[PDB]
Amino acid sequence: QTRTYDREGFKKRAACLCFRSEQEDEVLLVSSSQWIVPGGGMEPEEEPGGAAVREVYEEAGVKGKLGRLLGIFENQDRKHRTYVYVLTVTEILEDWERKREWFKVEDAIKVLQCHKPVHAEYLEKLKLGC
């Protein structure tokens, strides 16, 4: 068993907003399978922060310093609950065995609003508190 659920039947997930610097102006996005924020399911014994760190490693090939919990984002169309963290990137990796690019925050929201608006919401709440 590698997936985990809460008592209301939502799948538990974790994601990170990965920034180039502590000024949080450039965020790293990646290709889907269109751009997305890196993230995925929590495993049965993982804490959310652990899931987040593992997922950005596996999906974006980065390592960094885990920061604050932005919030728990509920997707009711998909029955998801996602713990979204901020992280400051320190290392990018190899060639793997999918693209990655930095977007200015305003630019990231624009491209995400096309086909993946819930990811755009992460960034909006971060900057605006919506």
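For every residue, the number given is its place in the sequence shown, counted from 1.
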Between residue 33 and residue 34, the number of deposited residues left without coordinates comes to 4 to 9
How many missing residues of the deposited sequence lie between residue 97 and residue 98 in the entry, grouped as none, 1 to 3, 4 to 9, or 10 or more? 4 to 9
79-87 versus 60-68 - greater average Cα B-factor per the deposited record: 60-68
41-49 versus 88-96: which one carries the higher mean Cα B factor per the record? 88-96
Quick one: classify residue 114 as lowest, middle or highest third of the chain based on its Cα B-factor. highest
